[PDB]
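Visitor: So I've got this experimental structure, pasted below with the sequence.
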Amino acid sequence: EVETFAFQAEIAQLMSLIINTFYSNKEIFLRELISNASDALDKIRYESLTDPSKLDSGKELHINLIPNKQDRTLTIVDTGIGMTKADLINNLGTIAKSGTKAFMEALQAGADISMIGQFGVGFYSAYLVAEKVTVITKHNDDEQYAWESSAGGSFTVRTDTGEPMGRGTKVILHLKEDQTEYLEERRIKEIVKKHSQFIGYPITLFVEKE
């Protein structure tokens, strides 16, 4: 049972701009997704301070980076607060309509695409390197869901009968054929060291069987 939704026009515009604008500095997608992961982990930590039972779904607060050259996927996993079905439908828990307006105004005042995170819409920088993005999520107050989009103005939501997550969010980047450098250990390590050196959660870069 798969539900198909239209993006709000402003979010479709943001996605088209990210996909179609000539912009060489694509590596910032990983900073943005690690920042989002950190923000999600902060939220469940904060809830846990007054209700320890919030971590019954998993005590470990971490970020895993999982490259898979066979599947041409880079997966960013966090054990943060996760998203409800309503959060997924509401632009992955963002105020993306107003964030897109502010970002496009900034792009007219000399800003560049790397500043996307300042506008609360850094998730969509995934489309710098991904032809398709799959988001698997589990919030304490809801079931596990899969969101997906190849852009083209639409996204799907379904209940995920896949591997149970406990709590958090998995962002699965189905990389463009010319963006496979982001599956290379040395490249991922370089980007995490350059842009994510002060993130307050363990970031584990998984290795592959050669």
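Guide: Yes, it's here. Residues are numbered from 1 along each chain as shown.
Visitor: From residue 162, how far out is residue 66?
Guide: Distance of residue 66 to residue 162, computed by C-beta to C-beta, to the nearest Å: 15 Å. The C-beta positions use only the backbone N, C-alpha and C, and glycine is treated the same way.
Visitor: Which one of those two is surrounded by more residues?
Guide: Neighbour tally, residue 66 and residue 162, criterion other C-beta atoms under 10 Å: the higher count belongs to residue 66, 18 against 10.
Visitor: Give me the neighbour count for the nearest residue to residue 37 once chain neighbours are set aside.
Guide: Spatial nearest neighbour of residue 37, chain neighbours left out: residue 78 (3.6 Å); criterion: C-beta to C-beta, 6 or more residues apart in numbering. Number of residues near residue 78 (other C-beta under 10 Å) recorded here: 27.
Visitor: who does residue 6 bridge with?
Guide: Counting by DSSP bridges, residue 6 is bridged to residue 154.
Visitor: Verify the stated contact: it with residue 152.
Guide: No. In terms of C-beta atoms under 8 Å, residue 6 does not count as a neighbour of residue 152; the distance is 10.4 Å.
Visitor: Which neighbours do these two have in common?
Guide: Shared contacts of residue 6 and residue 152, defined by C-beta atoms under 8 Å, 6 or more residues apart in numbering, are absent.
Visitor: State the distance from residue 191 to residue 4.
Guide: Taken as C-beta to C-beta, the span from residue 191 to residue 4 is 33 Å.
Visitor: the more surrounded of the two?
Guide: residue 191 (18 against 9).
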